[PDB]
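J.: Sharing a structure below in structure tokens format, with a few things to ask.
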Ligand SMILES: [Cu+2]
Ligand SMILES: [Cu+2]
Ligand SMILES: [Cu+2]
Ligand SMILES: [Cu+2]
């Protein structure tokens, strides 16, 4: 019932070799799992997020975002990443994102708490 | 059952006068509503996110993040914000965040799709 | 000859206790020194940057930015910070910035190369 | 006399078709011109910046950054971009950056003052 519900739902892979498994709900919900190929991470982590379920029809992408807190049954990296981006449909469908990864720190170390980067997700690798 | 479940759960206010209403689950879930005092927004929007439910005990903050897609029954701003940050407990409890706000754009306009900023949330105003 | 040449030129202090000493040129140049109160840094480092020497007259701030590479005669932290922001004049003059601090890394570690934060500079402390 | 003085100096092109012309000084200076293929920009703009003139010899990139204020003899976009990144040498030499583009705004509009993105520069197109 959301415009790109089918387009977004499924398995995505980024340039680092990480795996993003998501279900898009009719209501705008994103739920799934994230497995990072890098960093202080092992196996799957819960993710949740939101997307625009009624995007513009003028060729614009579909805005979305999601969060992973880096705690699961195996490890806790005392940190959380949020990806903010847009889904672009078509033959080479993509989710183009920028992300913010904040670590829990002391107040004295808060200036160095947050990494920033960019991930591009595709349906194939 | 999460360490800062009680600390995080409730109503928070930022420097712009926005209102963030959240429930923290034992499992690491964040669910609630966001009302922005600024921008192309009216009333409450659904949010979801994650937090570290077993933070370090060395005085470090608690990593968390959440997403709002700016669609509700009143408006659709074809955009999504993610906040990434940490909760700092104590007498003047705070959630210190940085955020990324991505708009759905054409591919030609994607270079100007994403705003970045920083919000500090407190329990009082 | 630039509108805020006099306003910008001088000594500024941020929330971390760092010291930013700058001269604004008529042509839009920023030159000076930066001393960080935190991180892998000691004493003064060269900075250079640019500002809008003919800002809007509608109450808007003055856009500017500058760079420090963290090499001087004492230390080399193999990294560079850029601050991007605006100068806001008046009785409590401020330079409000966001910054990106990139470390030289191997290609395998490039995903974790860049910190992001925000500094507010004032004329007094 | 700087390790990558020769490597950095010259003409670079990004994924948008913008042109970055830079001279790297022995002392860590970057000077040159920037021509954007997009946005409120026409012709060349002055840039200045800094780079690590004595990088690590362990295969790490070379940290650098620079600023453009978007005022020249043709236009004034009341804004400034800073790029923060690293130079990676070799057969396919690259400068991989993230950037912050701040517009001069009123205090009421400062929350929406800053765009963030990422540019990759190469020696060929
Ligand atoms: Cu619409
Ligand atoms: Cu631990
Ligand atoms: Cu004007
Ligand atoms: Cu070294």
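Sequential numbering from 1, following the chain as shown.
Quick check of the header: X-ray crystallography, 1.5 Å.
Each residue, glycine too, has its Cβ placed from N, Cα and C.
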J.: Of the candidates C:45, C:51, which one does Swiss-Prot list alongside C:34, C:83, C:99, C:111 as binding biotin?
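T.: Matched candidate out of C:45, C:51, per Swiss-Prot for biotin with C:34, C:83, C:99, C:111: C:45.
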J.: As a quick check of your reading of DSSP, tell me how many residues in the expression tag (C:1-4) are helical, how many are strand and how many are coil.
T.: 0 helix, 0 strand, 4 coil
J.: The expression tag (C:1-4): which same-chain residues, six or more beyond its ends, come within Cβ distance under 8 Å?
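T.: Residues packing against the expression tag (C:1-4) from afar: 24-28, 51, 53-55, 62, 87, 89.
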J.: List every residue in the same chain as residue C:83 (biotin binding site), at least 6 positions away in sequence, whose Cβ is under 8 Å from its Cβ.
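T.: Counting only residues 6 or more apart in sequence, the Cβ neighbours of residue C:83 (biotin binding site) under 8 Å are C:49, C:65, C:66, C:67, C:97, C:98, C:99, C:119.
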J.: Which value in Å gives the longest Cα to Cα span across the biotin site residues C:34, C:45, C:83, C:99, C:111 as recorded?
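T.: Pairwise Cα check on C:34, C:45, C:83, C:99, C:111 gives a maximum of 27 Å.
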J.: Let me check the 10 A CB neighbour count of residue C:45 (biotin binding site). How many other CB atoms are there?
T.: 25
